[PDB]
Every structure is written in C-alpha cells, then in structure tokens.
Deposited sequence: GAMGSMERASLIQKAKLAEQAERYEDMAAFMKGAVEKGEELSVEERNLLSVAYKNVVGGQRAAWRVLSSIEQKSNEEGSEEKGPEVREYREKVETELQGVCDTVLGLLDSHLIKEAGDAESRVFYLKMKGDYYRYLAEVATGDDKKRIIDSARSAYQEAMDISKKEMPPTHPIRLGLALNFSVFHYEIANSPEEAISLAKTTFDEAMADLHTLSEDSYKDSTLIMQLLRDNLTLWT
C-alpha cells in the first residue's frame, strides 16, 4: 500500500496508461508499487520506471533552477523559502528512487544490462542531489554519484558492446557529471569523445536509441568545445 492491494500486472498496465496521459507522478507511484512486489523488472518495466521518475524529477529540477535563478538575482525570505520547499520535495523523490535501487533492484540484478541500468540510475539520482547540495554532505553526495557511475562503467566495458544504448547513455551522463558537478571539463570532453568514436566503429552490428544518444554526445561536444 498505497499500491500493495493491486496486482503487479495491473500496476504495469496503469503505469503505461499514466504515461499516455502524461501523469508522470501517477506513473512513478505505479512503477514503485510494481518494484515493491519483490520480483525483478523486465527490460520494458525498468524502462517505464526510469522514464516515470526521470520526468517527475525533471519537472522539479526545472522549477528549482527558475527559483534559484530568481533568488541569486534578488541577492524578503519568500524566494528562499519556496526554493527550499521545491528542493526538499526534489530530495524526497531522489531518496525514494535511491531507496528503491538499494532495497530491491541492484541487489537482485544479475545480468549486465540490468546491473548497469540500475547503477546508472543510482549515479543520476545522486547527481540530482549534488545539483542542489551546499552542505557538509555535498562531498559525500558527489562521490556516491561518481562511485555508482564508475561501477556501471566498469561492468558495461567488460560486458556490453560500445554501441549499447545503456552504455552510451551512461557515458553521456557520466560525462555531464564530470563537466558540471566534478568541475572536470577535460575528463567530460575525453569521455564523450572516446564514447562517440568507439560507438561509430561498431555501428556495423545494429539503432534508433543508440543514434539518438550519439547525437546527444555530439551536441554536448559541440556545446563544450
């Protein structure tokens, strides 16, 4: 509960409905309920999960940036108070995802694709916490992000082809982590570059997801150089 009385397959079905309706908070609640059934997620089901929370957090991060912008320029208490509200809500979502990753998902993920997928998610949600962090725990949040991403990189390099969309998206986001969280534009640039080049050389074995992501890498390289 709130989702404990609903059938696993009914949760997945409603999550797909919620997606069609752009009800991403419902989507995420339904998928969270699915994970809580204790069984491992399929490919499709992990995709649904990540898209649900990615959207929820994406709206919260977009709003946080607007309020932080307004706050810095105003530098009464109202702007800071409301930014704090959004921030705390955003943190609560990231804690929820990280809690789902730590309790069910990473533990039981035996195959390469699933493990890397969940470790990328773990990196991303610590990265989102790092975007707002200014306390003593900032440093520990950054190294949790790096640590998850690094383990995901190591597995993906041993077990997956260079053109795997999960490998490519991992590198894309890890490279963003280097650039704007860890203040290492050079490492961000080398990682994007090398990922894009190894991927070009393996296209001969595929595709839409992968070319989409390779374009995202090309975009960042163009932005950063």
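What are the missing stretches of the deposited sequence, listed from start to end?
Holes in the chain trace, numbered from 1: 76-82, 214-217.
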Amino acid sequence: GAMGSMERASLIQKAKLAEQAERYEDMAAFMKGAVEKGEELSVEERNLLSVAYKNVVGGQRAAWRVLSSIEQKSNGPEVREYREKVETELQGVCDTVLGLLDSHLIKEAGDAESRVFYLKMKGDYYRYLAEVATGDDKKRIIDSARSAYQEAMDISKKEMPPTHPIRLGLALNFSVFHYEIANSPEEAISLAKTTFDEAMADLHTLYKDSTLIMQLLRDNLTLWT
From here on, numbers count along this sequence of modelled residues.
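Should the higher mean CA B-factor in the entry be assigned to 94-102 or to 108-116?
Per the deposited B-factors, the answer is 108-116.
On mean Cα temperature factor in this entry, is 187-195 or 23-31 the higher one?
It is 187-195.
Which one of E151, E89, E81, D136 shows the top CA temperature factor in the record?
Most elevated C-alpha B-factor of the set, per the entry: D136.
Say you rank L216, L203, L17, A9 by Cα B-factor from the PDB entry; which sits at the top?
Each of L216, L203, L17, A9 was compared by C-alpha B-factor; the highest is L203.
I70's Cα B-factor: lowest, middle or highest third of the chain?
Within its chain, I70 is a highest-third residue by C-alpha B-factor, going by the deposited values.
Where does the C-alpha B-factor of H178 rank in its chain, lowest, middle or highest third?
For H178, whose C-alpha B-factor we compare with every modelled residue in the chain, the answer is the middle third.
If you rank every modelled residue in this chain by C-alpha B factor, which third holds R127: lowest, middle or highest?
Within its chain, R127 is a lowest-third residue by C-alpha B-factor, going by the deposited values.
Where does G169 sit by CA temperature factor within its chain: lowest, middle or highest third?
It falls in the middle third of the chain.
Where does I142 sit by CA temperature factor within its chain: lowest, middle or highest third?
Highest third, going by the recorded CA B-factors of the chain.
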